[PDB]
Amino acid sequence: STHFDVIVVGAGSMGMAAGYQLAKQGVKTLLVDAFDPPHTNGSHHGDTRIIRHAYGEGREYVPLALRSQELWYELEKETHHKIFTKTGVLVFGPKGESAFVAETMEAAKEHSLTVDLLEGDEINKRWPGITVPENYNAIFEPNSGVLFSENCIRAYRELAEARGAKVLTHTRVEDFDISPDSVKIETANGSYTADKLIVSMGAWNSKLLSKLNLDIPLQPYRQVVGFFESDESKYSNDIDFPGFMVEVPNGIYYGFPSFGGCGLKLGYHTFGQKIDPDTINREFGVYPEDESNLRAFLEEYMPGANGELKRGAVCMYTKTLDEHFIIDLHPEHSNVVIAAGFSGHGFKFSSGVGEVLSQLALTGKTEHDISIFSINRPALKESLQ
């Protein structure tokens, strides 16, 4: 018997940030999650996430990255949980052979971002522990870094709840009923109604958006990361080893310096198993490539960070065909907002996306330029049932 102003379905990276933005404004909000965020069944665990500003996926993401960075610094001031460490982010690849490195460089120039350009042995000399061929070049962004993602979600949740937001946990939304003047969700624990709906179900958007009459190609991928015993005199955040995202002939890899001796963390970005979020095997090591694809990179490029595997994690990316996000109103329902398809690179923007989703839910518009995330764009291949 409790109506809400806004209901957020999926209180993860995007939904919890939206919940915080709504609650801060006195908007009566209900967030419903299938688990209890932060958790290890979605796309936000594994402890850390890179935030970059010079953006290799496209210079058009820069304003949102800069606003998100500002919001993360604000969050750091509002909570006792650790939010951000300014490790800097190193991007490298073979000279003239990486579109990712080239666009990162162009984005930095176009937006006057502070970066260092170096190549070959200059890279190996600046950061003991990295061994790249002499024909590699790099761009280092000193002022970007690493986010503690589970801490971010935990902090937004605590702040939102303190302002009155309600979070209904361990409750899966199974269906939606949308009318011109209201929205309704159905769950085994009861049905709830509101004036507006934000849908941010992560990998499950690939299975449940059909309940909103949407047909959009979305593919969930199983993406693992491993933490390795490393030479702390080289790979520790305390000696300024950077976060990194790099392109080599067989793909893109990313990693993090060892924090408090946890070991260097590495992931392989361009390969993952196609999976379903309800049947994915979340145990690290069940496929031999989980660990072998990581050591193939380490033994060649960061040889002193290739010791015993200390910890592994299994997480999911949800890709669109063009690998750009979907942030927009439902084409048939202005009272429904969709946040989907973050394609393995959305966490850094979650603070800014929370702001955008709040604006879309409350006003049907946003001050942010989100045209490239349109649900009606040709490359997405969206349609109705």
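Numbers follow the displayed sequence, beginning with 1.
Between 107-115 and 179-187 (mean CA B-factor, as deposited), the higher: Higher mean C-alpha B-factor: 179-187.
Higher-B stretch (mean Cα B-factor, as the entry records it), 327-335 or 33-41: Higher of the two, by average CA B-factor, is 327-335.
Residue of maximum C-alpha B factor among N237, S200, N306, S149, per deposited coordinates: Going by the entry's C-alpha B-factors, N306 comes out highest.
Largest Cα B-factor, entry values, listed residues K196, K82, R126, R157: Most elevated C-alpha B-factor of the set, per the entry: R126.
Chain third (lowest, middle, highest) by recorded CA B-factor, residue given as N135: Ranked within chain, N135 CA B lands in the highest tercile.
Within-chain third of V8 by Cα B-factor, per the entry: Lowest third.
Within-chain third of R59 by Cα B-factor, per the entry: It belongs to the highest third of the chain when residues are ordered by C-alpha B-factor.
Relative C-alpha B-factor of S374, binned into the chain's lowest, middle or highest third: For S374, the deposited C-alpha B-factor lands in the middle third.
Chain third (lowest, middle, highest) by recorded CA B-factor, residue given as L22: Its C-alpha B-factor, which the entry lists for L22, ranks in the lowest third among residues of this chain.
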